[PDB]
file run_8.tsv (TSV, C-alpha atoms)
chain	number	residue	atom	x	y	z
O	579	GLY	CA	-175.46	-67.27	-35.90
O	580	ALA	CA	-176.37	-63.70	-35.63
O	581	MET	CA	-176.38	-62.56	-31.95
O	582	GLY	CA	-177.99	-59.70	-29.97
O	583	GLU	CA	-176.31	-56.31	-29.37
O	584	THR	CA	-176.65	-53.16	-27.23
O	585	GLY	CA	-177.18	-49.34	-27.42
O	586	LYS	CA	-180.68	-49.31	-28.85
O	587	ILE	CA	-181.99	-46.26	-30.78
O	588	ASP	CA	-185.23	-45.22	-32.56
O	589	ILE	CA	-185.95	-43.17	-35.73
O	590	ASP	CA	-187.68	-39.86	-35.14
O	591	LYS	CA	-186.00	-37.03	-37.16
O	592	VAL	CA	-183.00	-39.25	-38.18
O	593	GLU	CA	-183.57	-39.00	-41.98
O	594	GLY	CA	-181.19	-37.20	-44.41
O	595	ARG	CA	-178.10	-38.98	-42.93
O	596	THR	CA	-175.85	-38.55	-45.98
O	597	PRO	CA	-172.74	-36.41	-46.81
O	598	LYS	CA	-172.75	-33.39	-49.17
O	599	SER	CA	-170.18	-31.73	-51.46
O	600	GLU	CA	-170.95	-29.98	-54.78
O	601	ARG	CA	-169.78	-27.39	-57.35
O	602	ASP	CA	-170.67	-23.84	-58.39
O	603	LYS	CA	-169.75	-21.46	-61.25
O	604	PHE	CA	-167.14	-19.83	-58.90
O	605	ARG	CA	-165.78	-23.31	-58.10
O	606	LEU	CA	-165.87	-24.41	-61.78
O	607	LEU	CA	-163.87	-21.34	-62.89
O	608	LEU	CA	-161.37	-21.86	-60.02
O	609	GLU	CA	-161.06	-25.57	-60.91
O	610	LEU	CA	-159.97	-24.62	-64.47
O	611	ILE	CA	-157.34	-22.24	-63.05
O	612	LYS	CA	-155.66	-25.06	-61.04
O	613	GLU	CA	-156.22	-27.71	-63.73
O	614	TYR	CA	-154.30	-25.43	-66.16
O	615	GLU	CA	-151.68	-24.05	-63.69
O	616	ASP	CA	-149.85	-27.41	-63.42
O	617	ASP	CA	-150.15	-27.93	-67.21
O	618	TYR	CA	-148.70	-24.50	-68.04
O	619	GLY	CA	-146.18	-24.79	-65.16
O	620	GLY	CA	-148.06	-22.06	-63.26
O	621	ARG	CA	-150.40	-20.28	-65.76
O	622	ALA	CA	-154.10	-20.41	-66.55
O	623	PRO	CA	-154.59	-18.40	-69.80
O	624	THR	CA	-157.73	-16.28	-69.27
O	625	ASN	CA	-159.00	-16.68	-72.84
O	626	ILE	CA	-158.73	-20.49	-72.56
O	627	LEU	CA	-160.58	-20.37	-69.17
O	628	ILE	CA	-163.39	-18.47	-70.98
O	629	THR	CA	-163.53	-20.78	-74.05
O	630	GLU	CA	-163.19	-23.95	-71.91
O	631	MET	CA	-165.84	-22.76	-69.37
O	632	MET	CA	-168.28	-22.38	-72.33
O	633	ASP	CA	-167.18	-25.87	-73.47
O	634	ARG	CA	-167.04	-27.78	-70.19
O	635	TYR	CA	-169.84	-25.94	-68.33
O	636	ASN	CA	-171.76	-23.84	-70.97
O	637	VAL	CA	-170.94	-20.58	-69.09
O	638	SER	CA	-171.27	-17.50	-71.38
O	639	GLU	CA	-168.17	-15.28	-71.79
O	640	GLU	CA	-169.80	-12.37	-69.88
O	641	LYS	CA	-170.47	-14.67	-66.92
O	642	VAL	CA	-167.01	-16.26	-67.05
O	643	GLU	CA	-165.51	-12.74	-67.04
O	644	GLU	CA	-167.71	-11.91	-64.02
O	645	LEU	CA	-166.51	-15.07	-62.19
O	646	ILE	CA	-162.99	-13.89	-63.06
O	647	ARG	CA	-163.59	-10.42	-61.51
O	648	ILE	CA	-165.40	-11.72	-58.42
O	649	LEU	CA	-162.72	-14.25	-57.46
O	650	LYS	CA	-159.98	-11.63	-58.33
O	651	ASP	CA	-161.71	-9.05	-56.11
O	652	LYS	CA	-161.91	-11.57	-53.28
O	653	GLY	CA	-158.16	-12.19	-53.68
O	654	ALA	CA	-159.06	-15.86	-54.26
O	655	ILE	CA	-157.31	-15.52	-57.64
O	656	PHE	CA	-155.33	-12.93	-59.58
O	657	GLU	CA	-154.28	-11.96	-63.12
O	658	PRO	CA	-150.43	-11.74	-62.85
O	659	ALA	CA	-150.09	-11.07	-66.63
O	660	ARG	CA	-152.01	-9.81	-69.71
O	661	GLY	CA	-154.34	-12.85	-69.90
O	662	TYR	CA	-152.90	-15.37	-67.38
O	663	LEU	CA	-154.87	-16.08	-64.15
O	664	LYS	CA	-153.33	-17.50	-60.96
O	665	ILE	CA	-154.78	-18.95	-57.75
O	666	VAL	CA	-153.87	-16.31	-55.17
call {"tool": "encode", "arguments": {"input": "run_8.tsv", "output": "structure tokens"}}
result
Amino acid sequence: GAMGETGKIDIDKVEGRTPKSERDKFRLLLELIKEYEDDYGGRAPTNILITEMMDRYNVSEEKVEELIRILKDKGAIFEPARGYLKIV
């Protein structure tokens, strides 16, 4: 019916046995850059990133601009034109 099997174990610390993957403000900004790049044929207009981050994720313009500087500074992204962001 069922049968027996081998390689017995026991449960001491063996909780928490699940995967993890999440998001962050840095991630959520960067996600908009790539999800607009393909749409613009390689642009992410910085003003739209701001407006859409306040829409999609309630992030205030000051904070979106800070995300923009941080990831720019890291060379994770760039601003190749006067209000167009790019992933590195």
call {"tool": "residues_near_point", "arguments": {"input": "run_8.tsv", "point": "(-159.6, -22.0, -64.8)", "cutoff": "10 Å", "atoms": "all atoms listed in the file", "output": "PyMOL selection string"}}
result
chain O and resi 604-615+621-628+630-631+642+646+655+662-665
call {"tool": "atom_distance", "arguments": {"input": "run_8.tsv", "atom1": "atom CA of residue 581 of chain O", "atom2": "atom CA of residue 596 of chain O"}}
result
27.8 Å
call {"tool": "atom_distance", "arguments": {"input": "run_8.tsv", "atom1": "atom CA of residue 666 of chain O", "atom2": "atom CA of residue 653 of chain O"}}
result
6.1 Å
call {"tool": "atom_distance", "arguments": {"input": "run_8.tsv", "atom1": "atom CA of residue 632 of chain O", "atom2": "atom CA of residue 645 of chain O"}}
result
12.6 Å
